[PDB]
Each structure stands twice: as structure tokens, then as C-alpha cells.
Amino acid sequence: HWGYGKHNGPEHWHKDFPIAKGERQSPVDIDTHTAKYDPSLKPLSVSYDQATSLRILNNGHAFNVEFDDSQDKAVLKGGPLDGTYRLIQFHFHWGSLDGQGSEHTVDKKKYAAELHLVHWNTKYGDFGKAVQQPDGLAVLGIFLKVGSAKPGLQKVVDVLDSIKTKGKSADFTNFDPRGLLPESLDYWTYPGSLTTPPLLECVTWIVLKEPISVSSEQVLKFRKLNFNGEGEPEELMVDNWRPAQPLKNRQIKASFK
Ligand SMILES: NS(=O)(=O)c1ccc(S[C@@H]2O[C@H](CO)[C@@H](O)[C@H](O)[C@H]2O)cc1
Ligand SMILES: NS(=O)(=O)c1ccc(S[C@@H]2O[C@H](CO)[C@@H](O)[C@H](O)[C@H]2O)cc1
Ligand SMILES: [Zn+2]
């Protein structure tokens, strides 16, 4: 029953998920002047050459592109991380307008959308166990701005008509998530949470500095999705973003000078 509407949106979530007002909640505003360069941070290692995409699902909140995470096929290592994080799914958050949609902000700047590549720590064996651990997840966050098309996104945009409503899924094999990356892997990193209920404080956030460009037509097709199930009143899936949460006792570190 949590959602992004007038009556079940982020300001309501604390009533069922009290951790909503916790000490390490996500997203946050990235104040670029206060983030400290950490020369001890390693380059990120994104190893997606063997990625196996399986399926795309409208879950009533976003759409997830799901991967085979039963082996080390698509992993994130290095940067702030200790050990190996396996890609399980990616999804986006986006706006009703180009002026909003991202969850993270940069000097209070909102982007049109934000991609989340979600990875779990293989020392915890499965995703359900990982989300119970302070270092269980690594989420790679990538900002989207509207401009030139992202060629590697179009296979996602073209299948959305087949999963318009909540609970619909479609086969989505041989998708290469490398086509969603910017040129540079420069990043900010801080400890945080899932940005949807249950808002567990289990995430190392790695947010890329360089946004990707998508076309107006690409993001317009995201905004044709539905939050509702088939045969229910149409509610456009837009503005599925949580706003910036208090930083509290946390330091955002930069991989770059
Ligand atoms: N975010 S949360 O999990 O704390 C949560 C929040 C709200 C509710 S009731 C709410 O009422 C509204 C007007 O009737 C309806 O329009 C909403 O759909 C319905 O969800 C239930 C749970
Ligand atoms: N925005 S975020 O990157 O912080 C984030 C938030 C939550 C999860 S998982 C959990 O389970 C599934 C997804 O596997 C989904 O179907 C569920 O709805 C979702 O709540 C994962 C990442
Ligand atoms: Zn997300």
C-alpha cells in the first residue's frame, strides 16, 4: 500500500517503516564542495561482459530488468567495496517532467531520472540475507539528462508497451547493461539505504559524476507505464522518486579531485 501518490507517498512511509527517519537513509543531496576527495579509493571495477539478463517486470513502483545472479557473471568490485557484489537487477526512478525524477541531487540539482544497478555481497549467499547487513548491497547510481538518445537504452524502451501494468513481465534476454554506462567511472560514495520500503540500511551507494543522455522520446515512453494493474483506473507511473533525506552523521567521499 506504500506508493508515490498524495496519500501513500514518501512522507507517509514512516508509519509502516519507522526506519524511514533513521540515521543512514537514502537518497541524499551530494554537496560537491563538501564531498572529500579520498585518494585511498580504488577505481571501480564493473565486470558485466558475462551478464545474463532474464526478464523485465513492472512491479507497480518501477520496472526491473532481472539478471541471473546464481553465479559470478556480472560483478562490481573495487572502489569503496570489500569483496564481490553480484548484479541482481536494475531499475530507474523518473519524473512527470524533465525538471525532476532523480533521487540523489547534486548541489540541489534534480536530473530527469536515475538508474540503480543493484548488487549484493556474495559473502552473504543470497539477496534476502544481504539486505540484513550494513554492507550487504552496492547500488551503482547513474543520472539521466534529456538530450541525445542513449542507443543502449532503446531495447528497454521498446519492451515497455508489453509490461504497461503492475504484475506484467516479459522475457528480456541478451541485454548488455554496459550500454547504460557513461564514459567516466568517477563517483561519490556514502553509506545509505534502500530508497523504497522497507528502506533497509544495507547499501553502499556509488553515484557516478557523469550523467548519461537519453532522448525526450525515450523518457516519454517511461512516463506511459502504469502503477495500476490491468483493468484498473490508469495511474501513470511518474514521479516514483524519494526526495533527499538528512545526511546526519555521514561523509560523502569523491573518487576524483
Ligand atoms: N506508506 S505506508 O506504507 O506507510 C501507507 C500509506 C498509506 C496507507 S492508506 C492510503 O490511503 C489513501 C487514501 O485512502 C489511498 O489513496 C492510498 O492508496 C492508501 O495507501 C497505507 C500504508
Ligand atoms: N532504489 S534502491 O536501488 O535503493 C532499491 C530498493 C529496493 C530494492 S529490492 C525489493 O525487491 C525487488 C527487487 O529485487 C522489488 O520488486 C521490490 O519492490 C524492492 O523493494 C532494491 C534496490
Ligand atoms: Zn532505486
# chains A, B, ... in the order shown; residues from 1 in each chain; ligands from 1
$ select_by_dssp --residues "stretch 36-154 of chain A" --states "alpha helix (DSSP H)" --output "MDAnalysis selection string"
chainID A and resid 127:130 154
$ residues_near_ligand --ligand "ligand 2" --cutoff "9 Å" --atoms "only C-alpha atoms and all ligand atoms" --output "PyMOL selection string"
chain A and resi 26-27+57-64+66+88-93+103+115-119+127-128+131+137-141+192-200+203+205+241-242
$ residues_around --residues "residue A:114" --least-positions-apart "6" --cutoff "10 Å" --atoms "only C-alpha atoms" --output "ChimeraX atom specification"
/A:91-95,100-105,141-145,207,211-212,241
$ atom_distance --atom1 "atom CA of residue A:23" --atom2 "atom CA of residue A:251"
12.5 Å
$ closest_residue --among "A:80, A:4, A:16, A:188" --to "ligand 1" --atoms "only C-alpha atoms and all ligand atoms"
A:16
$ closest_residue --among "A:215, A:204, A:50, A:45" --to "residue A:136" --atoms "only C-alpha atoms"
A:204
$ closest_residue --among "A:120, A:227, A:222, A:48" --to "ligand 1" --atoms "only C-alpha atoms and all ligand atoms"
A:227
